[PDB]
Structures are given as structure tokens and as C-alpha cells.
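Beneath this line is the structure, given in C-alpha cells, with notes to follow.
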Ligand SMILES: O=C1CCCC(O)=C1C(=O)c1nc(Cl)c(Cl)c(NCc2ccc(Cl)cc2)c1Cl
Ligand SMILES: O=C1CCCC(O)=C1C(=O)c1nc(Cl)c(Cl)c(NCc2ccc(Cl)cc2)c1Cl
Ligand SMILES: [Co+2]
Ligand SMILES: [Co+2]
């Protein structure tokens, strides 16, 4: 059931912003590891004395990496005279965030019709304001409200190229890497208590619960009207034999925050071949593959969607497969992106639900919790 | 003149330690950019609840990348019960260093006969103590004194594998990259005042001035007995037309610190081909090449050391060449390693002074200051 209750007009995911200690090194690592091109910058070379910000793009996916300079470079500025291109940025907030949480997502940014209206309606409906609407060069409006922990939901609206004051990167510095990633599918938060987190976010957005369908967690998914903005949230389940990985996250992250970004690929086999080639030469590692038990049982579950060749190809690459009543989900998880066992990435591809493809086709992998387990009965095999 | 006045027995450079916000992303970037292998780790997976530390090696060169975890993970420990593998590490010092200076070198580590003696003799001769000698698993002794700014000179001595509590990285995670880099040749500091810095360091080490031979700086080089540990120091020259790049460093770094690491290659042409291939796909950028004027004048200066083919090969790769009275220096500089215009890397190869090659053969490039200038008379050509 989709009541289409959005309290303001939401379009799509726009960008994800990581707060870093050194934006250059994280951005270069991510560019090589994920096959994203350097597309825009805002830094000393563009007159920004406040923060260094580098944008990576792959298809529609935009990753922004930002770090503070010495405050001394901008100590004479005030907000009316700032050279920062992102006016919500604050040196102290960014250093506090990074020392508390380590490398991670500060902003989940969605494009909206009118960022000033979205902010006003959000706060009127319970959103905790984080940064008020500011109009950038009479062209772009940006506003921020708290989402969970120290993560903000960022509204961006365009009258009519990333943000004013960002410069397009020169082609010599912009190598056209591409491993097939095309857009952000969903962004997932970990919280101590799911109920209060859902009531808060659904309260100020009007996002509705996206329907799903005893290891670690309870979750629920909030969705915009066309279900293209998807925001799952997890809480830990305590008292289990194996300690909840949500609780481990909360401990190492110093509380709630963004757990994973799921990135849609136009060809998950090519994406995984390319990413795995680079795992040990600067890119990303992947979680341990499920046993061949798992793939020996995939024929009985998705043998009508994937050929015998394509399922064995899944086993080469360690890809997981799940199915709901509308479509099929191919998915795989990286190891944590940084020092702490906190944020990681999911690569996904969805098949089915063609009308364009409707959002969330195939779900989020809930059936794989039982199936992985089942599959680990190989120790008795 | 080499008075061989070392106040304690010094062997060679041992490692360089970077203090980072996220050690994983810097280490992976550096590994790919410089062709260094992941060789050892100390982190949560090895029981270290305090800091994440990753070691990269190429030949004899050792780069260590360290970042703090949340203090909460280790809040119950005391120094007698610490799980840190580097006992000098302190969360507050590391966060303070990184917020002040950005990504950069915290420790220049040299191997000595007896780290406890080196510490005691150093401090008896004016060294400011930073971390007292500590014996690690009755096998390794480590001690630290202040060098300049917040950089420490670290003494390491071995009774008889990097440090106790570090684990060798599994071969699957350890790809054998190698672009030809083999050892640290010299490590250079920038200070506001050269005189007091030299008197201090030469005062507690007994290092002697290594002989050299109006753009930016004055410098001098301190050297151990066999001149294999080489520590140049620069100060700005004020009142010039072009602002001193040493002063720019001091401003962006929030004071004195390490300016560059010079890494010896066994084949600088191969190293530069390999590094430049990767500049735009996650590796390192290089400073702008000198004009073809410069290479059109290299035949008259080093045409007896490099063939016409090898000099044109220098012009392809942007390599600089200098010569003193003992040998020839091939050198090239990266752009800054991180967000701030502070630390960068030099790649070098030295030819001559064979007896083994004596240290500092060919100097440090002082003649290239005049020659670059001269060469930029092409705007009138
Ligand atoms: O869990 C949910 C519920 C909310 C919706 C959502 O999108 C997801 C997933 O995407 C998902 N689904 C599956 Cl089936 C598994 Cl097994 C997952 N975690 C494995 C994993 C654990 C730790 C590390 Cl460090 C890396 C990987 C994840 Cl995170
Ligand atoms: O200067 C000294 C004197 C002390 C001994 C020493 O080892 C060096 C050099 O190695 C050196 N020699 C030369 Cl000839 C040049 Cl032009 C240099 N700087 C260019 C450069 C400037 C800014 C950035 Cl960001 C990158 C590069 C350097 Cl740093
Ligand atoms: Co997911
Ligand atoms: Co040098």
C-alpha cells in the first residue's frame, strides 16, 4: 500500500557527502576502487579558503568528499563574506564529527522542488533544523535537517554545475573510469531504537513504510511517493548468541549513523569483476562469499530468472540473490570502507517490476538472512 | 669535512610514520600510487583497541599509517595494560596533530644501536623528550624526542617483524606492487628560523653539516657519521617578489613540520613511468615539467653522464638533473600528497661516488634553482 503521503515534492537522491580528515586521499581511493570519475572541485584553487571538496561521479551517482582547512586561512571571514561553497559547513562540526565517528557520511542529499518549502514544512512537522535555507548565486537552494545521529538530510533545489563555486575538473585530471555503477538505490541508518527513529523521519517527510518480504536486527524502510528515495533503518536485537552487528556498529561509531550505501549497477557482473581486480591494489575488499551450498540451492529459487551460466558466475564473484513477489535482487557487500567496522557499500542490480523499473524491485535481501544460515549447514555435510 | 661527531651509533632510516584521520584510505592510496606492498598491520584484528596502523614497504622503505579509534574502545586500559602496539601513541596528541597540520609525518624513525642510550644522550645534550624509552616484548626499544614542530625523531633499536604486536599481512591481501623505490634518501623540515633549528638538532645528535654546492629559502643539511641519515632543514627568505613557498608551507601547516620525503629509486625512469600512469587513477600528480629550454641545455651540463636517448627520456617524464663535484642527481617532485600545500614527495636516483655509493652523491639539487630560472627565459624565445 502506497498512500503517497510526501509532505513536499521529492525527486531523486542527489549526492552523498563524506566528512573526511583528508578529502584528497579518500576521494582518490574511492575513485579507483569504485570506478568513479573526478568531476568537480571546490578548494584553494577555486578560492575556497574554508574546506576542500571533491566530487566523484558514476552515471547519476554523486559522492562528495569534504575536509576542513586550517581555520586560520579564513579567520577574517564572516558568514556574509565566506569563501566556502557549502554554507552549512563548519570547521568545528566537521572536526567533531570525524573525531567522534571516523570517516563516514555526513549528508544524504535529495533533490526537491523547493528546498525552502521542504525545510519549512519539515521543521513545522518535527524536523530538527541543522542549517537554514540559503540561496547560492540565485540559482540553487540548500537546507539541512537532522536525520539520525550526526547525519543530516540535505534538501537541494534548482531554479533551472554541481553547486555554484564548484569548478569542472580539467580533462587531463579527469580519467573516465567506469565499472558500471549508475545511481544510489538506498541509504541505510543504524539507530539504537527503530520506533522513535521511524516516527521522527516519517513524521517530518511523510515518507511511508515500504513493505518487506532472528539474526541481529529489526528494520523498516521509509520511501518517497514514487519509492525512488529509499531510507531503511536498523536497530539491534539484544540477547542473541551472536552479538548484533548493529550493536557493534553503534559502539564503534559512537552512536547512530549511516550503515551502508547501496549502489545500483547496470551490470553487476562487470562491476564486481572490475572492483575485485582492484581489491588488493588500492580498491575495496568484499565480505566472505557464501558456501557453494548457497549456490547449489539457487537453482531451486531463481533458476527461472538466471541461467546456469549466470548462477555459476554469481558463485565466482560471491554475489547473493534474493527474490520477493515482484522481482529479483542481486547483491554483494564490501568490507568496511575505512578503519572502523562501521560504514560499508552494497552493490546491487534489480530485475523485474517493469512498467522504467519501479523502486525497490525485489526488496532488500531479507530472505538471504535465512538462506545464508541454511546454507552454513555445510559443516555437517 | 666530516668530523664524524655522532653522539651515539646511528644506522639507517627505519620508517616514516604518517598520522591520519583514516589510515586505511591513505595507506591504500599510497600503496597504489607509489607501488608499495602492504606488509604488516596492528589494528582491531590484531587486538589493538587503540590505533589502526598499516605498514607499506618497497625495498628498504617503510611507510607507516596510523589513526586513532574511538577512545571508548580502550577507556578501561591504563598504560601498563595498553593494547596499543606503539606505546608513544596518544589519542589526543594524534587528533590535535591532525586537526592542526592535516595529513603529514609525525615520526622520522632511525635505527640505532641502543635506543635507551640515544634517548638519554640526546636529552642530556638538549633534546626535548617526547616519549621515554619503552622495551617491547624484551626485543625492541623505542624512544622519541622532538625534532621540529610536532615532528619527532624516533629511535628504534633491536636486540636481534616490524614491531612486536604487528602481524604479517596474509598473501591474498598483500599484492606485490613494485615501481622501483628502494629506500628513504632524505627527510626535509621547514622551520621559521634555520639557525635555532640547526643548533638544536645538531646539538643533541652530533650530526654535522653536509656541504652543498635567491629564490625562496635558505637551507642546510645535517648528516650522520656515514652520511646515510640526511636531514635538510629550510627557512623562508622574506621580502622577495615571489612569496616564499616555505612561508606558504608554514602558513598552511600551522607552523614547522616535514616538507618532503626523498625516495631513492633503482631506476627512476621506470618509477616515473609507473607513477605517471596512475596519476589520474588514484595515484600521485607531479609538478609541472621544466620547459624544453631546460632539456636543450642539459647536454652541455651532463652530456657526459647521460646519453642523448636518456636525456630525451628525462624530458618525457619531466625529470630534473643536477650535478656537484662528486656525482649527478636525477630528481622530480610530486604535487602535495593531501589537501594542503604542505608535504610532497621527491623521487631521486644518484649516479657516481662509488667506493657501495656514498651518501648524498650529487647533492640535493641546489643548482636546479638557478637552472630552472635560466630556463624560463623561453617567454622571450
Ligand atoms: O540488512 C538489511 C536490512 C535493512 C535493509 C538493507 O538494505 C539491508 C541490507 O542491505 C543487508 N542485507 C543482507 Cl541479506 C545482509 Cl547479510 C546485510 N549485511 C551483511 C554485512 C554485515 C556487516 C558488514 Cl561489515 C558487511 C556486510 C545487509 Cl546490510
Ligand atoms: O629545496 C631543497 C633545499 C633543501 C634540500 C632539498 O632536498 C631540497 C629539494 O629537494 C628541492 N630541490 C629543488 Cl631544485 C626544488 Cl625546485 C625543490 N622544490 C620544488 C617544489 C616546490 C613546491 C612543491 Cl608543492 C613541490 C615542489 C626542492 Cl623541495
Ligand atoms: Co541494502
Ligand atoms: Co630533496
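In order, the residues displayed for chain A correspond to 35-194, 201-253, 262-403, 411-436 in Swiss-Prot numbering, which applies throughout.
We read in the header that X-ray crystallography, 1.7 Å was used to get this structure.
Any Cβ shown, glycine's included, is placed from N, Cα and C.
So that you can see what the record holds, here are the features copied from Swiss-Prot:
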| type | residues | note |
| --- | --- | --- |
| DOMAIN | A:46-192 | domain 'VOC 1' |
| BINDING | A:226, A:308, A:394 | Fe cation binding site |
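In the deposited model, 6 residues go unmodelled between residue A:194 and residue A:201, whose Cα atoms sit 11 Å apart.
Non-local contacts of residue A:226 (Fe cation binding site) by the CB criterion (under 8 A, 6+ apart in sequence, same chain) comprise A:269, A:278, A:279, A:280, A:309, A:310, A:415, A:419. When secondary structure is read from DSSP and collapsed to three states, residue A:308 (Fe cation binding site) falls in the strand class. Chain tracing stops at residue A:253 and picks up again at residue A:262, leaving 8 residues unmodelled; the C-alpha atoms of these two are 14 Å apart.
Of all the Cβ atoms in the protein chains shown, 21 others lie within 10 Å of the Cβ of residue A:394 (Fe cation binding site).
Highlighted in sequence order, A:225, A:227, A:228, A:280, A:307, A:309, A:310, A:311, A:393, A:396, A:419 have their Cβ within 8 Å of the centre of the Cβ atoms of A:226, A:308, A:394, the residues recorded for Fe cation, and are not part of that set. For the domain 'VOC 1' (A:46-192), residue counts in helix, strand and coil come to 43 helix, 64 strand, 40 coil, using DSSP. In the shown protein chains, 23 other C-beta atoms lie within 10 A of the C-beta of residue A:308 (Fe cation binding site). Unmodelled segment: 7 residues between residue A:403 and residue A:411, spanning 6 Å (Cα to Cα, whole number).
Under the three-state DSSP scheme, residue A:226 (Fe cation binding site) falls in the strand class.
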